[PDB]
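Asks: let's see this in three dimensions:
(2 chains, ligands or ions: 4)
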Amino acid sequence: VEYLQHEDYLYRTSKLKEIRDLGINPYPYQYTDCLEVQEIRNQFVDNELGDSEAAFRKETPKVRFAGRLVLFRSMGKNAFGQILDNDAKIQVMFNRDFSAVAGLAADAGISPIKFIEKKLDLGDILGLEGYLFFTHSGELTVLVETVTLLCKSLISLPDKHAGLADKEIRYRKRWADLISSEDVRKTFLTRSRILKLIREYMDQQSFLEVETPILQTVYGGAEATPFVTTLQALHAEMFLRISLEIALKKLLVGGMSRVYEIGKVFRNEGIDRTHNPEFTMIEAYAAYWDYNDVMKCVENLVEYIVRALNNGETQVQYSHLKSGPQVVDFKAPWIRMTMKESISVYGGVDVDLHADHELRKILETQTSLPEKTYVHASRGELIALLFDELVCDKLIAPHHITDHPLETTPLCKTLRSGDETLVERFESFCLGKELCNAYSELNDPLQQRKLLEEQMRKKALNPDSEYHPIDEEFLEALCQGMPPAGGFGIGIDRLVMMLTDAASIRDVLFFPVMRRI
Amino acid sequence: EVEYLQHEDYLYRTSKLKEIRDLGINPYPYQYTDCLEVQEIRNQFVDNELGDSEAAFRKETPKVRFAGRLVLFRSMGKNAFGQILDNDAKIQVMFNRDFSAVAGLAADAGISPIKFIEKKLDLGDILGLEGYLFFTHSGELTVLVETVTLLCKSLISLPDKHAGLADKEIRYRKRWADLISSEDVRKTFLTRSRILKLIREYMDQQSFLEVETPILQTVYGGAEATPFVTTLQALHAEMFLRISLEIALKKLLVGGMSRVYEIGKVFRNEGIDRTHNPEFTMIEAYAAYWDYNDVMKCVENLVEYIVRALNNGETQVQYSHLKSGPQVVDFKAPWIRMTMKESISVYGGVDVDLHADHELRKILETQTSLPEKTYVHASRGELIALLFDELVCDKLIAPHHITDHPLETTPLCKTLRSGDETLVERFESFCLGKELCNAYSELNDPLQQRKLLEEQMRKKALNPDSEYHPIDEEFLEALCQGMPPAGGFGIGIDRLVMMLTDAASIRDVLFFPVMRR
Ligand SMILES: O=C(NCC1(O)CCC(F)(F)CC1)c1cc(=O)c2cc(F)ccc2o1
Ligand SMILES: O=C(NCC1(O)CCC(F)(F)CC1)c1cc(=O)c2cc(F)ccc2o1
Ligand SMILES: N[C@@H](CCCC[NH3+])C(=O)O
Ligand SMILES: N[C@@H](CCCC[NH3+])C(=O)O
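Replies: Numbers count the residues shown, from 1 in each chain, chains lettered A, B, ... in the order given. Ligands and ions are numbered 1, 2, ... in the order given. Below is the structure in question.
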């Protein structure tokens, strides 16, 4: 903790005894009956309003507000400052004869203007009561009648313009980002706005929002390494959920026809520009829908969010791809292709012309996959691998990629046409990244067992594979009966990244996962 | 050992699968389109002139499409009558040998539509129904079914209507069965979702920004609890699951965010009972420039708003499960407000400030069951908190704010503005004998905060049941940057849901509470 020895800390802390000896509490209890700076600007900026002399004569509107002192200049009889309040700034003016310090007696040893000069500091949080006016240059300003010290800050303001090291530190010390950077402030406001837009759209579709456990005795609904923890009351290993799917499907068996949940899931994997081990996703299930109904719902949801954030526009610019800035159009309907078509269109491989061995030669010679990944892969697995290596990077515009091999998931019905090698699944891609996963949901309880047992026997032969056993409570609930349903999941942090031009998932998380010092 | 897979009725129902399929009917079809909710059918047509059964046979009444679970069925010769359950609403259905068709059943098939409905369908199956509305002689809204579609063949039967203690205890695990068979359980969980939407609506209208902060952290704090511990593979690092929301949100206030709240799960690795589940939902909210008196008004206004919105503008609520018998509690604001010392006098019979510590001890010895270890060396403030715990808390049935706690009860709270540094500007809200809310005039003096956390370390160092817990240094640095004066509260939302749904146990307001082996 190197700041405890910095000059500025020792200098500021020594002002505490000085301020308290003047009978002033440097950490008081409240600052009631005030207005937000932005609300003052909203009410009075576009207004006929007086000059400094009208404020000196107490003729202009009186206001109370509070915030952080981020600029100060003494001009003798007068001093000027800037107050930052919740992403808004306003100028303040102190005058030797007009301005008082709350708590500073008239017979104290120091004048108000010198108290302001010498006992306050940049970074201190002040309560300001005074009179509005406009400078002739047009700057909205407050002539301060009383300044109240609300918090004596003990370290200096952050460097406003962060170098690379400061930017890394501020992923932990996020308060320094929020004080310093209008852009970080907008990014997180937009994130909150996006969450409200999602809830509003879902609720207008009569989806009910629910909560289901993060700590479970099993984990499933996705392919991921889990987090493990011990519950002391039962002396039991628990897993943190990796998805929402199984719990929500039980609520369908329970009779709820439309449910969704927005919550954290945990995948104990690597960390990079698109991967934080703790992330936020929505899963939503609608009885009597299929993946086609889900496809219209997902693209309409996103278009609606984009239109609400961009004054009706559906085009959005994203600046940080290795290939340069791109403009992506979220206007529905999005591009729709089967996995097989996308491999043909973007990979240059018409898959159904090549035997399994030819598909391995393509993977072996045209990709950098290790031999163990394809040498014994089934035809469907080979097709999915071709998609991963030859297609996924190329899907910059929004795409729905449909009709995946059966091997990709055990929880999805096969194509209603009768092709049992493909499922009624789509994944949505934008900016080279997966955004959405969606199924015509499997509710045949015998078929569901068959697929999960198949998945367990296949996994049990891979050394690096996670042994989780069959969820029998899930199978029993399907025996009770799940309606036909369509479901989807959306990685919300990734979506926020697309709609805020964030280079990394760390820019949309207040406190992302960081290495220890 | 899965028991239903060996039960006669499982064999009985699975047998129908091949039979139905040999009729060319898919027992798990892909969708049921243009499907209305039953509740939406009732909303248009119950308060409505509607024909009788003969007008429905004439196809002259409104035609509807809907879906749900067959839960009652009685054949009456050429007619049969049933009840469909769709998402907490029920509607009666009528089949008729001449009027009703089974989707996908051929005329040249060897079974009639009515016999199919009798022989191949079961209570539990999920059906799609299209037909004409009418009123029975007794006034019941009914649908004469033109076409029934098998939407899901159920392989076990409806849950038994008479559940014992053990039959109901299995249903806390097998919650889908509870939801199917209990209207009280269905309504409890619908009320829970409404409560969550109402909390958000209220906080959003007070201009709080909703945020998310991490569950997985390198530290834990903001409450007294045993944490859950897990391992983050990518960093080979031990992590804690958050026990509260407080530290992360206070950092956001330092960042200049004036009003934030979060609704999410916290994890306390404690014992389980009617008011404790190791994973539970809370809201924390912080407002710059407020104190605990502002927070107190905010809390009671929020809860009164929720109660009023859920009970047609009433503020009184019935709760049935206290030992004292069925009560009625009024959530109308302002709630009863007392200091902890007043409450020990009013409800406990002890004027604490007329007693020495050793006399506070004698009281705890003779008038409670506390182990001598709990109080033999406790400080005066600690003695007073135990006197409250043992003599007052159970008696607070009507909503109370209990203010001005001993400093020992928390390290994160400012002391009384009167100058009494043995008490802090904290309140807890109680209702039905249970803590509901915890709130501070938040501590933002960095040196005082460090002092209080150090004294906690020394106190905890003497307990061999508490492992060593370092001081959150980044938190202290954020306070050094400067936190405004602030008021914050936390509310246990599950306990809140319990008090408004007449739930005996927290297990009743969670879909999947923690359960023994
Ligand atoms: O948004 C993400 N993925 C896209 C989805 O797969 C999310 C789940 C779905 F919403 F259901 C379908 C779309 C995402 C973000 C992460 O931070 C992350 C971290 C990991 F360790 C592992 C996977 C991760 O995945
Ligand atoms: O609602 C609860 N308590 C009330 C509060 O203390 C919650 C925190 C606050 F919201 F900040 C102020 C009010 C509650 C519910 C549990 O299931 C639970 C489980 C545990 F293992 C330990 C404590 C628990 O506490
Ligand atoms: N559980 C899926 C999301 C929903 C897929 C459709 N049921 C996942 O995590 O990928
Ligand atoms: N974090 C607190 C609630 C907020 C108290 C006021 N800052 C708790 O868990 O009890």
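
Asks: for ligand 2, give me its nearest residue in the stretch 101-250 of chain A.
Replies: residue A:233 (8.4 Å; C-beta to the nearest ligand atom). (Each C-beta comes from the backbone N, C-alpha and C, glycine too.)

Asks: what about that residue, distance to residue B:223?
Replies: Plainly put, residue A:233 is 17 Å away from residue B:223 if you go by C-beta to C-beta, to the nearest Å.

Asks: scan chain A for its longest strand.
Replies: strand A:62-75 (DSSP state E).

Asks: list the strands paired with it, with their directions.
Replies: strand A:78-85 (antiparallel), strand A:125-134 (antiparallel) (DSSP bridges).

Asks: quick one, which of those is packed in tightest?
Replies: Comparing the strands paired with strand A:62-75 by mean neighbour count (mean count of other C-beta atoms under 10 Å in any protein chain shown), strand A:125-134 comes out on top with a mean of 24.

Asks: near ligand 4, which residues of chain A show up?
Replies: Residues of chain A lying near ligand 4 by C-beta under 6 Å from any ligand atom: none.

Asks: hmm, stretch A:170-187 touching chain B?
Replies: Yes - for stretch A:170-187, a contact with chain B is found by C-beta under 8 Å from any C-beta of the partner chain, at A:172, A:173, A:174, A:175, A:176, A:177, A:178, A:179, A:185.

Asks: got a markdown table for those, with secondary structure too?
Replies: Below are the residues of stretch A:170-187 next to chain B laid out as a markdown table (DSSP: H, G, I helix; E, B strand; the rest coil):
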| residue | secondary structure |
| --- | --- |
| A:172 | coil |
| A:173 | coil |
| A:174 | helix |
| A:175 | helix |
| A:176 | helix |
| A:177 | helix |
| A:178 | helix |
| A:179 | helix |
| A:185 | helix |
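
Asks: buried ones among those?
Replies: The neighbour-count criterion (16 or more other C-beta atoms under 10 Å in any protein chain shown) marks A:172, A:173, A:174, A:175, A:176, A:177, A:178, A:179, A:185 among these as buried.

Asks: who touches the fifth one in this structure?
Replies: Counting by C-beta atoms under 8 Å, 6 or more residues apart in numbering or on different chains, residue A:176 touches A:158, A:162, A:166, A:169, A:170, B:255, B:481.

Asks: roughly how far apart are residue A:328 and residue A:502?
Replies: 14 Å.

Asks: between these two, which one's more packed in?
Replies: Higher neighbour count among residue A:328 and residue A:502: residue A:502, with 22 against 16, using other C-beta atoms under 10 Å in any protein chain shown.

Asks: so who does that one touch?
Replies: Neighbouring residues of residue A:502 by C-beta under 8 Å, 6+ apart: A:187, A:320, A:496, A:508.

Asks: still on that earlier bit, turn the buried ones among the residues of stretch A:170-187 next to chain B into TSV, columns for distance to ligand 3.
Replies: What follows is these, written out as TSV (distance: C-beta to the nearest ligand atom, whole Å):
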residue	distance to ligand 3
A:172	29
A:173	32
A:174	28
A:175	33
A:176	35
A:177	30
A:178	31
A:179	36
A:185	31
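
Asks: tell me the two of the residues you listed that are most distant?
Replies: The most widely separated members of these, counting by C-beta to C-beta, are A:172 and A:185 (17.7 Å).

Asks: let me see the domain layout of chain A.
Replies: For chain A, curated CATH domains gives the domain ranges A:5-159, A:160-514.

Asks: any chance of the ones you listed in JSON lines, plus distance to residue B:434?
Replies: Output for the domains of chain A, formatted as JSON lines (distance: least, C-beta to C-beta, whole Å):
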{"stretch": "domain A:5-159", "distance to residue B:434": "29"}
{"stretch": "domain A:160-514", "distance to residue B:434": "19"}
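
Asks: which one of those domains lies nearest to residue B:13?
Replies: domain A:160-514 (8.5 Å).

Asks: centre of the chain versus the closest one, how much separation?
Replies: 15 Å (C-alpha atoms, centre = their mean, to the nearest Å).

Asks: report whether that domain contacts ligand 1.
Replies: Yes - with C-beta under 6 Å from any ligand atom as the criterion, ligand 1 is reached by domain A:160-514 at A:224, A:267, A:269, A:275-277, A:279, A:281, A:434-437, A:489-491, A:493-494, A:505.

Asks: among those, name the buried ones.
Replies: A:224, A:267, A:275-277, A:279, A:281, A:435-437, A:489-491, A:493-494, A:505.

Asks: quick one on the thing from earlier: now, the contacts of residue A:502 that are in helices?
Replies: A:187, A:496 (DSSP state H).

Asks: quick one: buried ones out of the contacts of residue A:502?
Replies: A:187, A:496, A:508.

Asks: who touches the last one in this structure?
Replies: Okay, so that is residue A:508. Per C-beta under 8 Å, 6+ apart, neighbours of residue A:508: A:187, A:188, A:191, A:493, A:496, A:497, A:500, A:502.

Asks: got phi/psi on the last one?
Replies: Dihedral angles phi and psi of residue A:502 (degrees, to the nearest 10) take the values phi -90, psi 130.

Asks: distance of it from residue A:308?
Replies: In terms of C-beta to C-beta, residue A:502 sits 18 Å off from residue A:308.

Asks: then the third one?
Replies: Using C-beta to C-beta, residue A:191 is found at 14 Å from residue A:308.
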